[PDB]
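Okay, structure first, notes after.
In this document, chain identifiers A, B, C, D, E, F and G correspond to the written order of the chains, with residue numbering beginning at 1 in each.
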Amino acid sequence: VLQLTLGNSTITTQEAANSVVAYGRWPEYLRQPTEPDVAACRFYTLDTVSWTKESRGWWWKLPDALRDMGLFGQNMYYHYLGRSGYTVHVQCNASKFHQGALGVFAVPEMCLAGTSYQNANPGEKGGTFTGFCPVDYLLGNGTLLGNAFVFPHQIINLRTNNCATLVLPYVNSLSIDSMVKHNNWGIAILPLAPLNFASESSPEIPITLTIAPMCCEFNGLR
Amino acid sequence: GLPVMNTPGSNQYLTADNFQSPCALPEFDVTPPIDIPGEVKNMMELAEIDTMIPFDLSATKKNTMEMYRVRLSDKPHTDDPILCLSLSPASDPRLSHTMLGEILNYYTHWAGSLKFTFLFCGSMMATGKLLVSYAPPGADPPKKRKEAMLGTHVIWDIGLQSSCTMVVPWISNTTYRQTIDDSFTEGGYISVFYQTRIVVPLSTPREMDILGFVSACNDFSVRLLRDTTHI
Amino acid sequence: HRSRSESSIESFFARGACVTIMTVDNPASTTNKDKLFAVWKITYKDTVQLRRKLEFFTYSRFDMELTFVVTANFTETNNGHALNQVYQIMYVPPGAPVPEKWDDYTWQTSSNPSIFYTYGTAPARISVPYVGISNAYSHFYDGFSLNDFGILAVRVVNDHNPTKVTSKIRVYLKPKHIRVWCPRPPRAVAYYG
Amino acid sequence: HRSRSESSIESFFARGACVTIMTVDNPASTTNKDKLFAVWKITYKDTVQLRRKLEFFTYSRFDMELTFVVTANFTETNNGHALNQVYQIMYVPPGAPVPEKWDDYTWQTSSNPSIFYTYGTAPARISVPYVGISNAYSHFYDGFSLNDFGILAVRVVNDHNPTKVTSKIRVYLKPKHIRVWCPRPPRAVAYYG
Amino acid sequence: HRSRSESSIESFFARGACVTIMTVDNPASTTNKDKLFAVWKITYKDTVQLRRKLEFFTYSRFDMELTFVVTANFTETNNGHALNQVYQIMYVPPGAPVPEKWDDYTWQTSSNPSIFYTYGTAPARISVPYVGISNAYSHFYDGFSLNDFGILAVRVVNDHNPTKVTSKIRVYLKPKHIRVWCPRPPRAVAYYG
Amino acid sequence: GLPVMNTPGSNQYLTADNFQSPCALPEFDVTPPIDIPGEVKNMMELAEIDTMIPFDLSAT
Amino acid sequence: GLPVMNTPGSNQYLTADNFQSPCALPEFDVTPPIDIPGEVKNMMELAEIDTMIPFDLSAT
């Protein structure tokens, strides 16, 4: 049990073994803007989601998720430009008698499709796929989902590991950019193997996202 | 001046040609590049990724989530395999749509090995044994567990290891193989049988699911591009 | 891994590919409409082969070695004769104003590079460099207010022609020095038409 | 042995030899049939000189320096005039799909290399390399389920032409860098027609 | 200061720019007026883009790489045929006498350099050097008794032609090796027409 | 002579092109330059000059 | 550019000619060769073989 800390936040990880760095590049500051690594770099734990049998998937955009989230959300409104890597812990705590799997896919430029800002930007609650709501096995764009495993990703197979970790570097055409407008990353959690459980066990296991913005740096503060 | 002699193949535009053309923006100073993470240098890097085999391509299951899961019940225990996947990676409709198959639909020839991976997505309590057989080229696939066992196989104890990798090897008369053969199934037959019916404890769902992944190995290569995308 | 080169990104993308057929007319004084000149914003999003190949990846940089194959023909059987025509193939760079009339100010403008291709000679050719404001062309961009490569405009320079002469110009884009980033599931051939 | 070179395998085989005469038509809108384009699978098994020479030996490797000699002519006496045509000479490599219509998808495909030969210029030319799946072309193969060198397709690119213009394209295959193996009794000239 | 080159004086001025369209006629014996030859004193003071750019500065030196794009056309529908014409493009240097008739003495004069451009070939080109009496071209000169760059005269050399053939010659001046001195407030686009 | 192969992009006048053209006055000896004060080498030098913002652009 | 002078024998296809032509498959990686036994390097090798004279060429 590894107990991680970032300032006024603390997390209880099993242990950081099955941790995927996206594209083998650790988040780095730009090799010019300010770096509020003081307290904006902490664990923001979103509101948990319930994975029932019927669930098709969930998705969040980054940093649109962390838009109402305290200092990062503040920084990201009162500055004009910013860039941030992330550490997404997807913990999915279930008993030994639940079974299933989750594909956790970090997606660069995750343009979804069933269009408008409020619609493409659900914030902290996230959105959900469906068989608007994009198609689950497409991620909106008419994709075959198996191919999705090109994306930086990790499986949460309940028999084995019950949590994934994705370390995302800043991916963008530009060196820095407006965060209020343009979501670099996109997280989609789809249940590969559906949930099932023993007769009168907990019929909906929870899933929790913990997002530490790594190496964030912003410019210019209004 | 210097006396020259215009040869044949002059004033022809060969689309394949490589020459030094005159730039229309000679003074323009290009926007420099940056170190965007995730640079690709070769298409085969995208085939060395374990994507996900769709096994059930029936009218109902196909083009949904269900087409990737192979269901393991404890129903009447027949000897015919859980699944038998032919490795005609572009010709076999199942492996045709994987990223491997996608890149192989862009090429006339290929060679090398394929690693398959089967992932058990059932209960942590479930136990049993699946036999993962590999019949080599020419061999008609096994129909019974014994036939498969006698060949190449891997007994895979669900209880102990929750995944099972198998690197099918490279075997071909030619240095490469066509992706559109003479309508002739050859090479692979990755079969999966029950060695033991799955054991579950208290009221645990006897219906599990297993997923299947596939990726080109390191040795894998393609040649002679063939674009066919059209409308 | 026997010389994996053929699947290298250069070998994969860098191939001559017809992206458009631009049709222009001779400035005959009979009833010729505004077909006197043709205009086309350089874009891969119409050709499916190149589009599908690029949309394997999220970002990219590439020079662009356009090649022009002009072919003419008399419209009616009043052929008789007509002197060898010359075509102005103007490459309007990004953010510049596009022509609107046959003889707009833009055609004489110093900025816009222009080829003067004589018929029946070797195909014309320019090499547009990377003209991106970003450090990479974005094929998918989750954001709010597509990238610009420019416009190609084509006209016949000759003026007082008695016979009409249609002419099609095949543009053969060959992306050169490609680099790409962040692979993706390839879109299906199904949804492009 | 005074400089036996002239009978070396290179000197013996490497000679320009017409292997086919491909005839195409101008896309006139009158009654032109599917002769608008010509197709020919590259094969020595029709020309007798090269065939008989190769069948001295069992196996072989050779590059292939095809050369194209295009010659046109007005069909009827309604000549009048007609602008200089351009010909697309596409070399469809092995295992690739061959064209079926004048404007099939294959003609625009990036894969298939293509020459755009303008009439009245120097003869066009490509050099196909060794395109064998085997390590040598087999002229005789005692076995069960012939080798592929490719297809050459030829069309006129021009579209709205008032006068018909027939055109024959002589392909002049010159095998280059030949190596051969396992000599054999030469077949008799008798049984080739 | 990221590679300020693009705004260097060379990059700024040295661009191909059409400064005039000179129209000439074929010496047909029908009723052809004195349009048989065209004359134009080289001057930037008509083209607005180059003028406005030069008038940023007070003084300048520059070579001058003129390029000529000739395009002809039959006047009436009596086209029939007509052989490939040749054009004499004479560059009369400063202070020299300008032609007055089609066949004045000036056209044969040794002094005046002359191009003999055949139609349907690559565009002609000369490079006039700096021909200033001063050590710099003065765009503004507060003084009492404008600078000379020369004259370009153009004619058709052919004589006994049955069909009339109009022809326009686009002159594409590209100032080369520019140096400039003493910047000034740029004149407004408003007052040039 | 030396066998050459005319490539595409031949006999085209690309206005952007930079080549060595034949001089019409080959013997002419150019008037040399002098050190006129105020030589400009870059247009941006003229933008590093403090000109004067017009604030009131009303009709009057 | 470099001033050249097109000589006679230009734009002629002499079937005997030997030049460097442009390859249509520039990226294609050729199947390498192998040591097949029985390589011939010269046609005369086939004439240094004792074949068999037919003496009686009568109709029967």
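The rule is short, and it goes like this: contacts are C-beta pairs under 8 Å (C-beta built on N, C-alpha and C of every residue); 3 or more make two chains touch, one makes a residue touch a chain.
A.B. asks: Looking at C-G, C-F or D-G, which pair matches E-F on over half of its contact pairs by residue number?
C.D. replies: D-G
A.B. asks: Just to be sure I understand: the centre of a chain is the mean of its C-alpha atoms, right? Then which chain's centre is nearest the mean of all of them?
C.D. replies: Per-chain C-alpha centroids ranked by distance to the global centroid put C first.
A.B. asks: Where the CA atoms of subunit A average out and where those of subunit D average out, how many Å apart are those spots?
C.D. replies: 58
A.B. asks: Just how far, in Å, is the C-alpha centre of subunit G from the one of subunit B?
C.D. replies: 42
A.B. asks: For subunit C versus subunit D, what separation do you get between their C-alpha means, in angstrom?
C.D. replies: So the centroids are 31 Å from each other.
A.B. asks: Using the average of all C-alpha atoms in each chain as its centre, how far is it in Å between subunit A and subunit C?
C.D. replies: 41
A.B. asks: Which subunit C residues sit where two or more other chains touch them?
C.D. replies: 2-3, 6, 11, 15-17, 49, 58-59, 67, 69, 80-82, 113-114, 116, 118-123, 125-126, 132, 134-136, 182-183, 185-186, in rising order.
A.B. asks: Multi-chain contacts only, two chains or more: what residues does subunit A have there?
C.D. replies: 23, 108, 144, 147-148, 150, 171, 173, 175
A.B. asks: So which stretches of subunit F touch two or more other chains?
C.D. replies: Within subunit F, residues 1-16 contact more than one other chain.
A.B. asks: Tell me, which pairs of chains are in touch?
C.D. replies: A-B, A-C, B-C, B-D, B-E, B-F, B-G, C-D, C-E, C-F, C-G, D-G, E-F, F-G
A.B. asks: Considering the complex alone, what residue numbers of subunit B touch subunit A?
C.D. replies: So the residues of subunit B in touch with subunit A come to 34, 36-38, 46, 49-54, 63-65, 68-69, 97-99, 102, 119-126, 162, 202-205, 207-209, 211, 213.
A.B. asks: Enumerate the contact residues on subunit G facing subunit C in the complex.
C.D. replies: Those in contact with subunit C are residues 27-29.
A.B. asks: Using the touch rule from the top, collect the residues of subunit D that touch subunit G in their complex.
C.D. replies: 4, 7-9, 12, 15-17, 56-59, 61, 65, 67, 69, 91, 93, 113, 121-123, 125-136, 172, 174, 179-183
A.B. asks: Within the complex, which stretch of subunit A touches subunit B?
C.D. replies: It comes out as residues 22-25, 56, 96-101, 108, 131, 136-137, 144-150, 155, 157-160, 169-173, 175, 190-194, 196-200.
A.B. asks: With touch defined as at the start, can you tell me which subunit G residues reach subunit D in the complex?
C.D. replies: Checking each residue of subunit G against subunit D gives 10-13, 15-16, 21-25, 28, 30-34, 36-46.
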